[PDB]
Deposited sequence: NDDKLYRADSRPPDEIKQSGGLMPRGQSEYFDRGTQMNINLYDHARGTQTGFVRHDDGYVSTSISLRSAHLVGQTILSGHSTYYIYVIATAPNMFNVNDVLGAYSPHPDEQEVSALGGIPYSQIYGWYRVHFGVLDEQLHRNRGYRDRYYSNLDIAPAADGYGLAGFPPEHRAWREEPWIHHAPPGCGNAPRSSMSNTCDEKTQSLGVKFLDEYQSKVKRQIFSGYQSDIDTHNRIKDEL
């Protein structure tokens, strides 16, 4: 559906465009997977907030503009200008409270986090916030695709339990639902670095697969100008 998520961020729109989106810490481009960062939802969710959570290979969002503004005012106070990005839902997004369950570290925050960052095309637009005051005008992103993203939703928690990223010795891996989704080397598996290596590789594979879908949508539109007959 056309539900939106929201994230306060000091990085301006021009940088977001150059980066291919709103990226996790340490990552300078979405598709350029040369240097492969850690992807771990548990580590990400527990990260400390002068930035809205964006470490360990995910970028966090809020479920309303007001919530993201209030967070922006808490965390980005002392940026005279920041942006609140308006973001479409899509199956790269995980409801943190659902996927980590009772082990979600900040459940009142109701965060939704994007594995591998938020590609530019998934960004609807942005508000400017100047000395804490939301500009009334929403700036719309030309790279956005409404029909595409409005036909998609966040990932179901069942796609995320296996990526929860708990340490091998964490009791979650011995409890429902995660016990049914535990990576190799985790939980009740013999001698539970395998668990963390497999969390990582499962996350990389998820992102590879997801990135193929973005490429397909955006780069096919980029090639819809071709007229064969004119060359034939």
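Student: Given the full deposited sequence, which segments carry no C-alpha coordinates?
Tutor: According to the record, the gaps fall at 50, 194 to 196, 237 to 240.
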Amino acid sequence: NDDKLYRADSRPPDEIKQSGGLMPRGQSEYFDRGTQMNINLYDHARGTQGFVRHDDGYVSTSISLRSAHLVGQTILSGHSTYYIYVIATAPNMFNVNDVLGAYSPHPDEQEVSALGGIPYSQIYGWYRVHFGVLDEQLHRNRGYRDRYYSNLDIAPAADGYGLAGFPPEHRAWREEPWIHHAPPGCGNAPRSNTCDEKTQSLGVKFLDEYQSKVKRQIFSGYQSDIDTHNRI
From here on, numbers count along this sequence of modelled residues.
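Just so we're on the same page, rigid core means the largest C-alpha set that superposes within 1.5 Å between forms.
Student: Comparing against the shown form in 4 other deposited structures of this protein, which stretch has the larger RMS C-alpha deviation after a rigid core superposition, 20 to 28 or 207 to 215?
Tutor: Farther on average in 4 other deposited structures of this protein: 20 to 28.
Student: Hey, does residue 168 drop out of the model in a third or more of the other PDB entries compared here?
Tutor: Result for residue 168: never missing in the compared entries.
Student: Considering only other entries where residues before and after it are modelled, is residue 65 without coordinates in at least a third?
Tutor: No; none of the other entries leave residue 65 out.
Student: For the stretches 61 to 69 and 193 to 201, which has the higher mean C-alpha B-factor as given in the deposited record?
Tutor: Averaged over C-alpha atoms, the B-factors run higher in 61 to 69.
Student: Per the record, averaged over C-alpha atoms, which has the higher B-factor: 144 to 152 or 128 to 136?
Tutor: Per the deposited B-factors, the answer is 128 to 136.
Student: According to the Cα B-factor stored in this entry, which of the following is highest: 77, 95, 121, 92?
Tutor: The C-alpha B-factor peaks, among 77, 95, 121, 92, at 77.
Student: Quick one: which of 45, 39, 182, 207 shows the highest Cα temperature factor in the PDB entry?
Tutor: Going by the entry's C-alpha B-factors, 182 comes out highest.
Student: Using the B-factors in the PDB entry, rank residue 30's C-alpha atom against the chain and give the third, lowest, middle or highest.
Tutor: It belongs to the lowest third of the chain when residues are ordered by C-alpha B-factor.
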